[PDB]
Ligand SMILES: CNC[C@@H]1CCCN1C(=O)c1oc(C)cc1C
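Consider the single chain below, provided in structure tokens and representing the form solved without the ligand.
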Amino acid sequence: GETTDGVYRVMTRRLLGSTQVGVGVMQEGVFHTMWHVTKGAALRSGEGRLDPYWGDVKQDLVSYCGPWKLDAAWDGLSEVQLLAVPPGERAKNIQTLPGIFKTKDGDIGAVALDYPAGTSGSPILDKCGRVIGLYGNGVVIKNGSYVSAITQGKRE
């Protein structure tokens, strides 16, 4: 199948028509997405098959064909871009200054941008174009708005 680096839509034909359930990143021969997008199921890329390699429900991440490759981190000061890939719409970069999720185990960057659920897995980038995390796991705040964590895995 297609193994070229880049952002991909994650589609299903089980429901009505062809529905976009999420998004992911192909880097160094590995496909990276959020666990809630695929639930760990196998993926198809043309005539080829992508099998899960690593996954974790608590981190809400999963990699296919190999170990997690993305290790860039938000520097805690600079603006970033969400490369949003919404269902039925073209890829579009949105620039923002991330906020912060403060937890009992440390602070995590967060992006306050609202997209349909099928946009989960879109990458968040730094100014060098490095993927610092994926968009799509977060919280609904006091005004009905959506705030996603900047979710990053660990490169072993």
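Sequential numbering from 1, following the sequence displayed.
Not pictured, yet referred to below: the form solved in complex with the ligand.
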*Contact between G29 and the ligand in the deposited complex at 4.5 Å, heavy atoms?*
no
*Is the gap between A42 and the ligand in the deposited complex 4.5 Å or less for some heavy atom pair?*
yes
*Give, in sequence order, every residue of 47 to 75 that has a heavy atom within 4.5 Å of the ligand in the deposited complex, or say none if there are no such residues.*
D51, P52, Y53, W54, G55
